[PDB]
Every structure is written in C-alpha cells, then in structure tokens.
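Heads up: the structure comes next, in structure tokens.
Values below: every heavy atom of this structure, side chains too, minus hydrogens, waters and symmetry copies. Ligands are counted one by one from 1 in listed order, and the atoms in each one are counted from 1 as well. Throughout, numbering of the chain's residues begins at 1 and tracks the sequence.
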Amino acid sequence: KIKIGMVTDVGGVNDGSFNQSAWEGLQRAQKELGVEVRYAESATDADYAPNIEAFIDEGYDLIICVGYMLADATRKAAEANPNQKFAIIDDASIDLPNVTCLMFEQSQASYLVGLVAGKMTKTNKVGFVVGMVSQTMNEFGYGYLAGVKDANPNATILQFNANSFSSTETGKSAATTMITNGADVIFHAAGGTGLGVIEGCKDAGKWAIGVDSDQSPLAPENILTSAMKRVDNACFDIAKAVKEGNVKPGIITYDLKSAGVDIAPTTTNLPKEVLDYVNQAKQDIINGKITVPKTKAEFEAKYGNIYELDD
Ligand SMILES: Nc1nc2c(ncn2[C@@H]2O[C@H](CO)[C@@H](O)[C@H]2O)c(=O)[nH]1
Ligand SMILES: [Zn+2]
Ligand SMILES: [Zn+2]
Ligand SMILES: [Zn+2]
Ligand SMILES: [Zn+2]
Ligand SMILES: [Zn+2]
C-alpha cells in the first residue's frame, strides 16, 4: 500500500484554513487514489524531527511537511534519508533529489482580495492580521496592500503580526482593536488565528476576508471573499505522482492561471460592480498585463513605506 504522511505545523488540522485544507486534500487522495494517509501535528518545532522520523520508520512513501517553518527539519531529514521522498509547502530553499517544493503565488490572490477590501470599505480603513512575518508571509501583505491602494488610494491599512498561527484569542483581540479604530474590512493570513479574526468581525458586524480555503461558512453574512490557496489540490497531486511513480523534485508553482490560487467561489456578498472589477484584474494578472509586487524592494518602489511589518 502507498502511504502518505503529513507533518503539520503549529496551526493544527482544525485550523479552518491551511493545515485543514492540506489534510482535506489527502483525505480526498485516500478516497480517489487508494493511498493511506495519516497526519502528525507538531506542538512546537521540537516535534518536527520526530514526527518526520515516525513516518520514515513506518515505511511511508512520501512525507509532506506543511509550512515554511519545517524547512530546516525537512532538509536535515532529507539529507539523512536519501531514499525517502519529501514534499514541503511554502518553502523553496531545499535543492535535493528527494524533495519537492510546493509553492503558491499568494501575492496574486492577496492582491485581488485587497481590491475587494479597497472597494468595500466605507471608513477607508481596512486591516491585515498576519500569523508570522517571513518572506512568504510578507507576500500576502505586499499583495493585499497593493490591491487596497490600487482600488482606493486613500485607504489606510492597519496591520498586526500575531506571532502565532494558532491563537484565536490574539486574532479576535487584534480584529476588535482594529474595528474600534475604524477598520471595517479585515483580511487575515494567519491560519487558525484567523478563526478569531473572523469571529471578531462577525461579532462587530464588519467584513472579513479569509484565506486558504473558502472560509465563508464560518461567517456567511460577514465574509466578503477568501484568498484561496489550493494546498488541498497540491497534496492530492503529489499523492497521485507518488502512486504513479513519477514524483519529481524541485519547485512546483501554483498561480492564478493554474487555478492554484484564486478568490473564493462564493461571491454572495460582493456587489456585481466589485466582482466584475476583481475578475478583470484576475484576467490581467493571468494574461501577464500586470504583475503584483512580492518583495520588499518592489513593493516600496511603488507604494513607499506603508507596510510596517517588514521593518
Ligand atoms: N509555517 C506555517 N504557516 C501557516 C500555518 N497556518 C497558516 N500558515 C500560513 O498562513 C497562510 C494563511 O493561513 C497560509 O497559506 C500559510 O502560508 C502553520 O500552521 N504553519
Ligand atoms: Zn490536535
Ligand atoms: Zn470520489
Ligand atoms: Zn489578548
Ligand atoms: Zn479540496
Ligand atoms: Zn516596511
């Protein structure tokens, strides 16, 4: 039997977003492909190495490390276990024959939801709650702020780094404070912490924007959209490659054109004018007409010092 193991990050498989979507894709892979799937949650980074080792020792054909913080542990395990195949989501630093890097152009989807936030705010203040700061996480920020400003040059983006992907209290408190200070749309790129962000928006009667999966069921009257990142499909696809015997190492990048990132399929709360505007911007990115900044220098060159979490 083909066995695929998932090592999840601190967020947990019930995060409503990143890890939950990765796991959902593996559950689908089990149903459709016949692979046997199991996950191991890591309470802290001390659990990364033994969780990887447990799948190695049990004969798993592929170990999927979900999240950029697993990179160091994945590299070390891949070097020490040349016959073991690994995949890692959201980090592309590892160049080894047994490692596939699954990357997502999240700045593209974040830009689109920033257009939504800029067009929907009535106070000209919107919020961004990020789970941690890192190169990949800042791509959410750069895209979102660029979208907000392109849609609404006079909008202010309030920003907060929760320093956790698994703290719903931090998410709720930060959202509530932003709302007290006038924000009326809040986007999170914060994993499980975002469950708190969404609850804070719902409680205050404001708009939220979710991430990774279509988070609208968590607050159907308050979610405008979500910046989708199809970690489910990427995990399914690599499971398929394992089953077929054609896993390739290196970088696989999922973008808007590949449908690997997107805005959510639920659009019930988007005015037709807004949906049309965002959909045109999506096709312009897909067709190459416009490019979203995803690094500090590119973002600052166009928007100045307005992203405060990268300094
Ligand atoms: N390293 C890591 N990143 C996460 C986690 N949860 C969310 N993220 C990131 O935050 C984004 C928004 O949830 C995801 O697409 C990931 O990039 C987690 O538990 N660990
Ligand atoms: Zn658990
Ligand atoms: Zn089926
Ligand atoms: Zn607090
Ligand atoms: Zn799915
Ligand atoms: Zn900055």
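- Applying the side-chain contact (heavy atoms from CB on, under 4.5 Å) rule to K294 yields the partners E105, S107, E139, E298; only residues at least two apart in sequence or on another chain are considered.
- Within 6.0 Å of NZ on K296 lie more than 12 heavy atoms contributed by other residues, nucleotides or ligands.
- For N233 and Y254, the side-chain atoms include no donor-acceptor pair closer than 3.5 Å.
- Every residue two or more places apart in sequence or in another chain that forms a ring pair (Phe, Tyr, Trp, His ring centres under 6.0 Å) with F187 is listed here: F128, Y144.
- The pair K172-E199 counts as a salt bridge, with a side-chain nitrogen and a carboxylate oxygen less than 4.0 angstrom apart.
- In summary, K272 and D276 engage in a salt bridge, as defined by a charged side-chain N under 4.0 Å from a carboxylate O.
- With no hydrogens or angles considered, no side-chain donor-acceptor pair links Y39 and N19 at under 3.5 Å.
- Nearest N/O/S atom of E32 with respect to the Zn ion (ligand 3) is recorded as OE2.
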Quick check on ligand 1: any N or O pairs to the protein under 3.5 Å? One line per pair.
from	atom 1	to	atom 2	distance (Å)
ligand 1	1 (N)	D9	OD2	2.8
ligand 1	1 (N)	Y68	N	3.4
ligand 1	13 (O)	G191	N	2.9
ligand 1	13 (O)	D212	OD2	2.6
ligand 1	15 (O)	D212	OD1	2.6
ligand 1	15 (O)	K229	NZ	2.8
ligand 1	17 (O)	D90	OD2	2.8
ligand 1	17 (O)	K229	NZ	3.0
ligand 1	19 (O)	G11	N	2.9
ligand 1	19 (O)	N19	ND2	3.1
ligand 1	20 (N)	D9	OD2	2.6

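- Contact check on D262 versus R230 returns no salt bridge, with no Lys/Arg side-chain nitrogen under 4.0 Å from an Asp/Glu carboxylate oxygen.
- Counted by atom type alone, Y303 and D150 present one or more donor-acceptor pairs between their side chains at under 3.5 Å.
- Residues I223 and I209 have side chains not in contact (no heavy-atom distance under 4.5 Å, counting atoms from C-beta outward).
- Around the Zn ion (ligand 4), the protein contributes the following N, O or S atoms at distances under 2.8 Å: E169 OE2.
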